[PDB]
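The primary structure of each chain is shown beneath.
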Amino acid sequence: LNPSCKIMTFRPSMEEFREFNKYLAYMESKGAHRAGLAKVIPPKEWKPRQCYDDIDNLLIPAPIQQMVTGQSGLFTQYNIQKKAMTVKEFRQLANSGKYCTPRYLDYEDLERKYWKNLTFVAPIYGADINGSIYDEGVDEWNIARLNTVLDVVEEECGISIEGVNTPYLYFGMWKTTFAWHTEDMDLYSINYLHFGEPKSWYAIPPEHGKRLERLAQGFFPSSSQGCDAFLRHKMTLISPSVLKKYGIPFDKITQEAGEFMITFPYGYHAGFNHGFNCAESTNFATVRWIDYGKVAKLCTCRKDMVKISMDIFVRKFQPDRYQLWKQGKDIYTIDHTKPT
Ligand SMILES: CCc1c(C)[nH]c2c(C#N)c(C)nn2c1=O
Ligand SMILES: [Cl-]
Ligand SMILES: [Fe+2]
Ligand SMILES: [Zn+2]
């Protein structure tokens, strides 16, 4: 299944698309998860929102200015908080001469310009804004209620899932960056690009994730000393030139407005926004995730990082293993290649 581990693009008919959980089972049956990342283009007629005009009025409480330092494919970034502004003000800022997308020939050209210009003007973004902007009543692929095993454990068993299964908005401009990371607890994520300019992605197959970790520890030995899972800080940038040089396998793809990207457990991803845009995302889980969550290597640094107790998931979905697990005896290494 997908021996190349390349990013797959899916084009479901309305009939296939209707049921998210079933279609996701189908994607993995084709080996989509080997790449760490997949794209799903919904059928043309499907619209999660009739009109986006009102989103201009939404407030972005804490826009962040992204300060990047380093050189030649290896960078670290930190955040400066700016004053609140409406999406409309943010779009006008994004479109100004100081912040707008440069002229470019094709995506390959724009990508070169991204990596060449990272340490000049510092771009601004709004992230982790709570809420979904789907219309009421949209029942397909509704990011606010995907009904995965996360939801079951929360609603049926009353277990806190720490807010990770709720929907968040991101408002990008040119050159705003998501640094290399896997999801909290090595969950899945889903990202829909509502409107605006594209978002480019890089992804490393989960089966090669440890090689990215070893390369990062080698280039960022300071960061590494402070925290065993320092890539979860989302402050570490590493270019595809550097990946190619040290032979870490990866793939790239660009997401356009109206398209979904799914990231899979332990699928390291990074990327950047082409221009002003708006994306909605959340985390979710399936049963195949449970063995990733049990071994996910967590940040020790700060007091507040997301940790979900695995107890309920092993007890309910892996009852055969539960006591072995609680006795520290459930030892395995994950097969990243097979469906569950
Ligand atoms: C620059 C704002 C921003 C952040 C911080 N992270 C992410 C992810 C992730 N993961 C993606 C898909 N987009 N996105 C963003 O636009
Ligand atoms: Cl530029
Ligand atoms: Fe992510
Ligand atoms: Zn940490």
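Undergrad: I keep staring at the overall build of the protein and nothing clicks. Help me out?
TA: Secondary structure summary: the protein contains eleven helices and 16 strands in total. Dimensions of the protein along its principal axes, counting C-alpha atoms only, are 60 × 50 × 40 Å. Taken over 340 residues, the protein has a buried fraction of 52%. Once local pairs closer than 6 in sequence are excluded, the contacts in the protein between residues at least 24 apart make up 82%. Here the protein has roughly 16300 Å² of accessible surface; of this, 50% comes from carbon and sulfur atoms. Put simply, the protein has 42 plus and 40 minus side-chain charges, and the middle of one group is 7 Å from the middle of the other.

Undergrad: Can you help me understand the coordination of the iron ion (ligand 3) in this one?
TA: Reference values for angles at a metal are 109.5 degrees in the four-donor tetrahedral case and 90 or 180 degrees in the six-donor octahedral case. The coordination sphere of the iron ion (ligand 3) contains the protein donors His181 (NE2), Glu183 (OE) and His269 (NE2), at a distance range of 1.9 to 2.1 Å. Relative to the metal, the four donor atoms surrounding the iron ion (ligand 3) lie at angles of 90 to 164 degrees, and the coordination shape comes out irregular. Counting along the primary sequence, the residues that act as donors to the iron ion (ligand 3) give the motif H-x1-E-x85-H. On the criterion of sequence distance, the pair formed by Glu183 in the loop between β9 (177-181) and β10 (188-196) and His269 in strand β15 (residues 268-273) is long-range, its members being 86 residues apart. Here the two residues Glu183 and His269 agree in accessibility, since each one is buried.

Undergrad: Just checking my understanding: could you explain the sheet that holds strand β14 (residues 260-263) for this structure?
TA: Taken in spatial order, the ten strands make up an open sheet running β1-β2-β14-β10-β16-β8-β7-β4-β5-β12, and their pairing is mixed. With partners counted over all chains shown, the strands left at the sheet margins are β1 (8-10) and β12 (236-238), one partner each. Strand after strand, the sheet turns through a mean of 25 degrees between neighbouring axes, direction not considered. The pairing of strand β8 (residues 168-172) with strand β16 (residues 277-284) spans five bridges and is antiparallel. In the sheet register, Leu169 faces β16, and the bridge partner there is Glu280. Contacts between helix α3 (residues 87-95) and the sheet are confined to β7 (124-130) and β8, with β7 contributing the most and set at about 155 degrees to the helix.

Undergrad: Whenever I open this one, the pairing of β16 confuses me. Can you help?
TA: Side chains on a regular strand alternate between the two faces of the sheet. Counting buried positions along β16 yields eight of eight residues, so the element is predominantly enclosed. Residue alternation in β16 divides its side chains into two sets, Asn277, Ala279, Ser281 and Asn283 and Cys278, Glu280, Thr282 and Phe284, and both sets are buried. Of the strand pairs in this sheet, β10 and β16 are connected by eight bridges, and their pairing is antiparallel. Note on β16: the bridge partner recorded for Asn191 is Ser281.

Undergrad: Which parts of the structure should I look at to understand the packing of aromatic side chains?
TA: The description of an aromatic ring pair rests on the distance of the ring centres and on the angle between the ring planes. Tallying each qualifying case throughout the model produces 32 aromatic pairs. Where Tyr188 meets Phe284, the ring centres are 4.7 Å apart and the plane angle is 25 degrees; that geometry is what we call stacked. With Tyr188 in strand β10 and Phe284 in strand β16, this pair connects stretches of sequence that are 96 residues apart. Taking the centre distance of 5.1 Å and the plane angle of 90 degrees together, the rings of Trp289 and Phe313 count as edge-to-face. Taken together, the residues span a long stretch of sequence, with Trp289 in the loop between β16 and α9 (290-295) and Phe313 in helix α10 (residues 311-317) at a distance of 24 residues. Pair check on accessibility: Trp289 and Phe313 agree, each one buried. Directly above the aromatic system of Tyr332 lies the positively charged group of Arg321, at a separation of 5.3 Å from the ring centroid.

Undergrad: Is there a simple way to think about the coordination of the zinc ion (ligand 4) in this case?
TA: Only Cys227 (SG), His233 (NE2), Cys299 (SG) and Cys301 (SG) from the protein coordinate the zinc ion (ligand 4), and they sit 2.2 to 2.3 Å from it. All donor residues of the zinc ion (ligand 4) come from one chain, and their arrangement in sequence is C-x5-H-x65-C-x1-C. Here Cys227 is found in the loop between α7 (221-226) and β12, whereas its partner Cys299 is found in the loop between α9 and α10, with 72 residues between them in sequence. Take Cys227: its relative accessible area is 1%, and that puts it in the buried class. A residue is classified by how much of its surface remains accessible, and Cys299, at 13% relative accessible area, is buried.

Undergrad: Sorry, what's going on with the nonpolar core here?
TA: Buried together is how nonpolar side chains tend to be arranged in soluble globular proteins. Counting 70 residues, the largest nonpolar core has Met27, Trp141, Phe260, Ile262, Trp289 and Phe313 as the members making the most contacts within it. Here this core takes four residues from helix α2 (residues 20-29), the largest share from any one element. Core analysis: the second largest hydrophobic core is formed by 16 residues, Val87, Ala94, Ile124 and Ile133 among them.

Undergrad: Is there a simple way to think about the site of ligand 1 in this case?
TA: All residues in the neighbourhood of ligand 1 are listed as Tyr125, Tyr170, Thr176, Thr177, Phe178, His181, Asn191, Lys199, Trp201, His269 and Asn273. Between a nitrogen atom of ligand 1 and a side-chain N or O atom of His269, the distance comes to 3.1 Å. Between an oxygen atom of ligand 1 and a side-chain N or O atom of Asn273, the distance comes to 3.1 Å. Coverage of ligand 1 by the protein chains reaches 91% of its 400 Å² of free accessible surface. Here the shell around ligand 1 takes three residues from β9, the largest share from any one element.

Undergrad: Even after reading the chapter, I still don't get the pattern of salt bridges, so can you show me in this structure?
TA: Pairs can form between side chains of opposite charge whenever their charged atoms are close. Per the counting criterion, the structure on display carries 14 salt bridges. The shortest N-O distance in the salt bridge between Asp56 and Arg91 comes to 2.2 Å. Taken together, the residues span a long stretch of sequence, with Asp56 in the loop between β2 (37-40) and β3 (59-60) and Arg91 in helix α3 at a distance of 35 residues. Measuring nitrogen to oxygen at the nearest pair gives 2.7 Å for the salt bridge that ties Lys294 to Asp330. Of this pair, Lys294 sits in helix α9 while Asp330 sits in the segment after α11 (322-326), and the two are 36 residues apart along the sequence. Each member of the pair, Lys294 as well as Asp330, is classed as buried. Three or more residues are tied together by salt bridges with common partners; here these are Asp291, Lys294, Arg321 and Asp330.

About the cut-offs
Residues numbered from 1 in each chain as written, not as in the entry; some residues may be left out. Chains lettered and ligands numbered in written order. Heavy atoms only, no water. Helix = DSSP H or I, 4+ residues; strand = E, 2+ residues; numbered from the N terminus. Buried < 20%, exposed > 50% of the residue type's maximum accessible area, 1.4 Å probe, protein only. Contact = heavy atoms within 4.5 Å. Areas by Shrake-Rupley, 256 points an atom, 1.4 Å probe, with all protein chains shown as cover. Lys, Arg positive; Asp, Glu negative; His and termini not counted. Charge placed at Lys NZ, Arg CZ, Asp CG, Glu CD. Donors = N, O, S within 2.8 Å, 3.2 Å for Na, K, Ca; no water. Tetrahedral: all angles 85-135°; square planar, octahedral: opposite > 155°, others 65-115°. Pairing = 2+ DSSP bridges. Axes fitted to C-alpha atoms, helices over the stretch in contact; angles between N-to-C directions. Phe/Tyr/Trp six-rings, centres within 6.5 Å; stacked < 30°, edge-to-face > 60°. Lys NZ or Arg CZ within 6 Å of the ring centre and 35° of its normal. Core = buried A, V, L, I, M, F, W, Y, C linked by side-chain atoms within 4.5 Å. Near = heavy atom within 4 Å. Polar contact = N/O pair within 3.5 Å; in protein donor to acceptor, adjacent residues only side chain to side chain. Salt bridge = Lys/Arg side-chain N within 4 Å of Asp/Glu carboxyl O.

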